[PDB]
Each structure stands twice: as structure tokens, then as C-alpha cells.
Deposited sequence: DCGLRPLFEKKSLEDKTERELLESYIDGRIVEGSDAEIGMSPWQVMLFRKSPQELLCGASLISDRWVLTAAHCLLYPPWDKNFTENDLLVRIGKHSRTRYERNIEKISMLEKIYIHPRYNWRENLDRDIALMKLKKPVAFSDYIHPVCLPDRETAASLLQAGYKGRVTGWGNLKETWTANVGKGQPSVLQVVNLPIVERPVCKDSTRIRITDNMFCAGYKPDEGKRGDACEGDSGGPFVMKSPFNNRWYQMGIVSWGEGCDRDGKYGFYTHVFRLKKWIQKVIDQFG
């Protein structure tokens, strides 16, 4: 039942911009998310001091996906343990406690990819978090699907648009509610030529180039969030990427880089069945 939103697909209602995504299959400069638009959106919350740590996504009733750098990043002296954080699911407002809507879960264990490269280019920027108890699904809490080889091959193409969501900075400035933006996947050569950082096959970049006019990008605080696409084949939402890194936010000539979820699916599956 993954990728089918209770307030949209399940009731045959479309959100205001999903059409833009479909037409392409041939947070800075975003907008307020609609209620129940990204039911898999998760907020990584730091216990003390209470503050936004990163975004994340719900992939089952007991597993949450995020970017490895959100939990481990030596350059900024970041090395969180499971007891240092909380997972807030089903949220819309950034700072308010959404009683009767959101659910706060504790972390049982954190799993960082063994070959995550924090010292150079954030290669394999991915991590899994097992919750102590399963969260109950609702209109505002629902898992997103993970892509299979065919899904990735068909939708991970230059020009095809995905959607990124998060409570991060609005400019390189904090939003009241969850922000959303649809961005086109950019061809590899362009991504590589826009930076001095080495790009790998475990990442893809997205965003508009200066000649396109439109803008948009993830920013600090959005890391760990999902880059999703709605399959035109089965009408389900798939998490194709994880907000990873970018030079600044929404700068002309630059692009946001996302962890290639399918490429690391092997690792994801291994961790899942090995640990419950």
C-alpha cells in the first residue's frame, strides 16, 4: 500500500502540482505543502536543545530513511546517538506540537552505510533508523515506496521532475509549514560541470538552470528529506533520492545533489531483513 496517500490517491483527489510532474514524464522558492501531501515526511528532532535536525522519510511502520550526514558528520562535530534524537511523523507545521495529528517515536537503532564518505563528497549519504515501536498509519502518516530497478530506469531521466519537501531554510528565514518544490533531474555532464566536487554514481543532481527561469532548491535543514516521483504506470509515489548536498542554496549554475536510493537498495534490504 506504499506511495498511496490517504488524502489524495486513496480518494482520487490530485494535489495542485502533481500534474507538473506527470507532464515532465514524456526549501528555497517553494510553496506551502497541502495537508497530507507528503504523509511519509519525517522530522528528525534533537532533544536538547529542542530544534530541527533534518528531514527524513517513512518507508514502513518501523523504519525511517535519512541522509547519513544528518547523524554523522565529523567536520561539524556531529555524531548523534539514538538517544539524542526523536522522530516526528505526520507533521505540517514546523514548530508547533500537532496534538492528535503527529506522532513522536523514539529510536531503537541507527544504521549508517559502511562506505558513507563524509571526508570528501558525501558519497553514499544514506542511513536507516529503526523505531522502538511501530507507528500507526493515518491520513497524515503513510509510507512511501522504494523504487525497483525498472522504476528507477524509467523515471530517473534528465528533464523528469521530482518533488522535494522539508522544513529547512527558505534562503541561503524559517518556514511556518512544510515546504514543497518540484525540480527537474539534470543530465550527468551538466551536474559534473557545475562543481569542483567529484560526483559519483550514487548521486544525481536536480534543479533548473539559469536559462529556464524557474527556481527552487533544498537548503540547510532539508537534508535527509525525500526526492519523490509519482509513477505514471501505477500512480504510486516512489522515493528516488535523499536530499544530500549543494553549494549554497538555489544559486544560478548550481544544483542540489541527491543520494541515489535505488543504487543503495541492496544495502537497504540487507539491513531490513537482518534486523527485524
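In this chain the deposited sequence has gaps in the coordinates at 27 to 29, 176 to 183, listed in sequence order.
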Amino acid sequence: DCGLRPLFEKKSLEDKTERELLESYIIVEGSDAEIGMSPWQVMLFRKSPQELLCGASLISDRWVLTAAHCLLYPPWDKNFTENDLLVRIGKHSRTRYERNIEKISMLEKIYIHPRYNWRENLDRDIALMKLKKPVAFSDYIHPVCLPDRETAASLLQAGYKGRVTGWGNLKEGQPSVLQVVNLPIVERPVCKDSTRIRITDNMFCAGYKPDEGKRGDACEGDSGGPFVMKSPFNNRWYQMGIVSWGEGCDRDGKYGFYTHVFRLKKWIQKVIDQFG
From here on, numbers count along this sequence of modelled residues.
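Averaged over their C-alpha atoms, the temperature factors of 52 to 60 and 208 to 216 are higher for 208 to 216. According to the PDB record, 133 to 141 carries the higher mean C-alpha B-factor of the two stretches 133 to 141 and 179 to 187. The residue among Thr195, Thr165, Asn202, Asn79 whose C-alpha carries the highest B-factor in the deposited model is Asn79. Taking the PDB entry at face value, the top CA B factor among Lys91, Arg124, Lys161, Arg119 belongs to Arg119.
Per-chain ranking of the deposited C-alpha B factor places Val271 in the highest third.
Sort the modelled residues of the chain by CA B factor and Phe45 lands in the highest third. Looking at the C-alpha B-factors along this chain, the one for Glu20 belongs to the lowest third. In the PDB entry, a CA B factor belonging to the highest third of its chain's modelled residues is recorded for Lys265. Sorting the modelled residues of the chain by their CA temperature factor places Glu9 in the lowest third.
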